[PDB]
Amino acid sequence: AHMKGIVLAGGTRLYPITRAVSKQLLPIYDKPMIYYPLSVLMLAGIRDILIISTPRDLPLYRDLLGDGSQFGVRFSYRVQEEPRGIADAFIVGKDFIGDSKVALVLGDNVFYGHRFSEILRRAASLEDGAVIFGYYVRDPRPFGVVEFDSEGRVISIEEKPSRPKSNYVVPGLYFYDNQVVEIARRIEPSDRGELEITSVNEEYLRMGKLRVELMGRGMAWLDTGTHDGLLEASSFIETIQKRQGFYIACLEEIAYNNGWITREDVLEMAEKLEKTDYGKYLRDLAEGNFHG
């Protein structure tokens, strides 16, 4: 029952800031990077989530996230001894997934936009097959490009085409029915030796069971892979938080508004963080922010 979630947070162009700090624990303004893809799983209604990372960093992810009870969710943890490809998430997470459907998001993917929740909730309601995303961009060549028909059925996915068949690119967010476990087990490793998520998606494509949800004009997919990208991403979140006033990926807020934790739960977390900005945000959340 209930669709599960996996955040792939292991895995450098960011040297030396990633020499001793996991990329997905780097800050995006005022919160660790991983809070952002975690908020996406939570906004999609997922409460049973698996965190995957390296042997050095997984204990740190536990230090940050704990058992998930503070957010009314359950967090589990599994190590990925080596970065064997994105599809390896379904090998490492086989037991965790069980017979459930599952959403996979990359721990370094940061998205933001108006009317994003309705798209996530729809993707989370898939009955069978798989659902991937298509982010609209002016120059899609640096990415995996997803081509689809006028109804959302995917027809092709090409890696860095010099002649793109569409202007929609594939970010690291995927929703799957329970078939992905075995599909992942049977796919063939690349020549370089790695289980590619594209191979898993090509399989669903081949079966006419791959649909795409679009993140159109006005949606933002930030660049957390370069130093200028991270600075820009932090500046962007700071601006949005200041002008609209609400935090982006405050997991306590999402949990509370989803009814997964109580007002008293929020009050108590705020009390433990009294002299901090984050704590005052939680206190206001509990007080109601006027009309909410």
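Residue numbers run from 1 along the displayed sequence.
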remark   = In the entry, residues of the deposited sequence missing between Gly11 and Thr12 amount to 1 to 3
remark   = For 112 to 120 versus 93 to 101, entry-based mean Cα B-factors point to 93 to 101
message = Regarding 144 to 152 and 180 to 188, which shows the higher C-alpha temperature factor on average in the entry?
response = 180 to 188
key: Of the residues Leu222, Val73, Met215, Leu126, the one carrying the largest Cα B-factor as recorded   = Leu126
ask   = Which one, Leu106, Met207, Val137, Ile132, has the peak C-alpha temperature factor per the PDB entry?
value = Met207
note = Chain thirds by Cα B factor, record data; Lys242 belongs to the lowest
note = Chain-relative C-alpha B factor for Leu267 (record values, thirds): the highest
message = By the recorded C-alpha temperature factor, relative to the other modelled residues in its chain, which third is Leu195 in?
response = highest
task = Would you mind checking where the Cα B-factor of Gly259 ranks among the modelled residues of its chain, as the lowest, middle or highest third?
result = highest
query = If you rank the chain by CA B-factor, which third does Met3 end up in: lowest, middle or highest?
reply = highest
